[PDB]
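# This one's a deposited entry, sequence included:
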Amino acid sequence: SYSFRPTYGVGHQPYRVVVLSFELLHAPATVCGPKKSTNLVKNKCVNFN
Amino acid sequence: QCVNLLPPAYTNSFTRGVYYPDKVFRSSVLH
Amino acid sequence: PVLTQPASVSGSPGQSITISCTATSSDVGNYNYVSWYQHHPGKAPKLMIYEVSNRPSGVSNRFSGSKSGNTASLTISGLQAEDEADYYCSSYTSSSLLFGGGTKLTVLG
Amino acid sequence: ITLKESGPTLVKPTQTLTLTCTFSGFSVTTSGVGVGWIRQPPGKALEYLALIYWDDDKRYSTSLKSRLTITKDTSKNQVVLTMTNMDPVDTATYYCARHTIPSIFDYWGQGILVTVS
Ligand SMILES: *[C@@H]1O[C@H](CO)[C@@H](O)[C@H](O)[C@H]1NC(C)=O
């Protein structure tokens, strides 16, 4: 057991840890950040994303 | 409830047991 | 393992009053969770300061505090005639929590 | 966020004191929140008695550990503290208050005065 107490100094106090693993993979992606899409155009020179 | 109830043979695997190493489209290339 | 306080404090309204509370043990550890209460006879004790220097809601900005070493102080600015109460300090120790002896405030006039 | 207290005000020597605290406006089944008891005998400072947490963890003052028992019923928002072998010297006002870490006790009830005789 850790036995955590209010009187403990920093380093003996409890910390909550969350680890987010990411996969930047060649596979189809499902979790995208909050961006909006634009119309698709063809046969033009564009900056695409 | 469970119910209570010869040597192995060997075969020629030939050229099987091969799979796509990753998820990338490739064509006319030696990889 | 006893919190030590002065028996009483006094001064005129409009003046600054300091009420101290000092630990007499290392059992308090970080001593970073000091609370102060204002107790009026016939009424439930009210929390005035917590975590050394923070105020609860419903508390006048005349009340503030700080720490130095293992000693904490409660500062009452702009002393009012309505501030006559028994003030108590409280903190954690290794197996329990403690309350101070209590300091009696008197307003002069 | 209020807490009310009820129970005996007069107890005979060596008998057991039972006090019940009923609270409303909050739950005691939430993390970081518990309910504890404090007493104040005349002319003296506040004395810690007992504390029960949301997970039914029960802690007591080291000097009264053998005399106090604290239990709770989360269906009625009630906390009950029993103190055995009441002494004639055990005359004090008892208080029910909400327990948290950054602030030890708050939302103190008015308290119940208990005299042993
Ligand atoms: C079940 O079968 C195994 C053989 O696979 C045997 O060793 C075991 O004793 C049997 N159990 C019973 C209860 O007959």
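Alright, I've got the coordinates. Residues are numbered from 1 along each chain as shown, chains lettered A, B, ... in the order given.
# For residue D:58, see how far away residue D:73 is.
Distance, residue D:73 to residue D:58, using CB to CB, to the nearest Å: 14 Å. (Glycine included, C-beta is placed from N, CA and C.)
# which non-adjacent residue is nearest the residue positioned nearest the centre of chain C?
The residue lying closest to the centre of chain C (CA atoms, centre = their mean) is residue C:36, at 4.0 Å. With CB to CB, 6 or more residues apart in numbering or on different chains as the criterion, residue C:36 has its nearest non-adjacent residue at 4.1 Å, and that residue is residue C:49.
# about what we covered before: my read: the residue nearest to the centre of chain C touches residue C:89, true?
Yes - using CB atoms under 8 Å, residue C:36 is in contact with residue C:89, at 5.7 Å.
# ok, back up a step: which residues sit against the helix or strand encompassing the residue nearest to the centre of chain C?
Assessed by DSSP states H and E, residue C:36 sits inside strand C:35-39. Residues outside strand C:35-39 that contact it (CB atoms under 8 Å, 6 or more residues apart in numbering or on different chains): C:19, C:21, C:45-51, C:65, C:74, C:85-91, C:102, D:46, D:103-105.
# buried subset of these?
Buried members of those, scored by 16 or more other CB atoms under 10 Å in any protein chain shown, are C:19, C:21, C:45-50, C:65, C:74, C:85-91, C:102, D:46, D:103-105.
# could you show me where the strands are in chain B, in order?
Counting by DSSP state E, no segments of chain B form strands.
# Please work out the residue of it nearest to chain D and name it.
The nearest approach of chain B to chain D comes at residue B:1, 38.9 Å away (CB to the nearest CB).
# so who does that residue touch?
By CB under 8 Å, 6+ apart, no residues touch residue B:1.
# gap between it and chain A?
41 Å (CB to the nearest CB, to the nearest Å).
# Spell out which parts of chain C neighbour chain A.
C:27, C:28, C:29, C:30, C:31, C:33, C:92, C:93, C:94 (CB under 8 Å from any CB of the partner chain).
# Who wins on neighbours among the residues you listed?
With neighbours taken as other CB atoms under 10 Å in any protein chain shown, the top of the residues of chain C next to chain A is residue C:92, carrying 23 neighbours.
# and that one, bridged to which residues?
Per DSSP bridges, the residues bridged to residue C:92 are residue C:97.
# in chain D, which spans are strands?
Counting by DSSP E, the strands of chain D are D:2-6, D:10-11, D:17-24, D:34-40, D:47-53, D:58-60, D:68-73, D:78-83, D:92-99, D:105-106, D:112-116.
# Redo the ones you listed as JSON lines? Include distance to chain B.
Shown next, in JSON lines, are the strands of chain D (distance: least, CB to the nearest CB, whole Å):
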{"stretch": "strand D:2-6", "distance to chain B": "56"}
{"stretch": "strand D:10-11", "distance to chain B": "61"}
{"stretch": "strand D:17-24", "distance to chain B": "52"}
{"stretch": "strand D:34-40", "distance to chain B": "48"}
{"stretch": "strand D:47-53", "distance to chain B": "44"}
{"stretch": "strand D:58-60", "distance to chain B": "44"}
{"stretch": "strand D:68-73", "distance to chain B": "43"}
{"stretch": "strand D:78-83", "distance to chain B": "48"}
{"stretch": "strand D:92-99", "distance to chain B": "52"}
{"stretch": "strand D:105-106", "distance to chain B": "57"}
{"stretch": "strand D:112-116", "distance to chain B": "61"}
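# so who does residue C:105 touch?
Contacts of residue C:105 by CB under 8 Å, 6+ apart are C:8, C:9, C:10, C:17, C:19, C:76, C:83, C:84, C:85, C:86, C:87.
# Quick check on it: phi, psi?
phi -100, psi 140 (degrees, to the nearest 10).
# which of the residues in stretch D:18-35 are buried?
Quick answer for stretch D:18-35 (16+ other CB under 10 Å): D:19, D:20, D:21, D:22, D:23, D:28, D:34, D:35.
# Apart from its chain neighbours, what residue comes closest to the residue of chain D found nearest chain A?
Residue of chain D nearest chain A, by CB to the nearest CB: residue D:101 (5.8 Å). Spatial nearest neighbour of residue D:101, excluding adjacent residues (CB to CB, 6+ apart): residue A:6 at 5.8 Å.
# hmm, back to that, deepest in the core, which of the strands of chain D is it.
The highest mean neighbour count among those, using mean count of other CB atoms under 10 Å in any protein chain shown, belongs to strand D:34-40: a mean of 24.
# Please see if that strand touches chain A.
No - Strand D:34-40 is not in contact with chain A by CB under 8 Å from any CB; minimum separation 12.9 Å.
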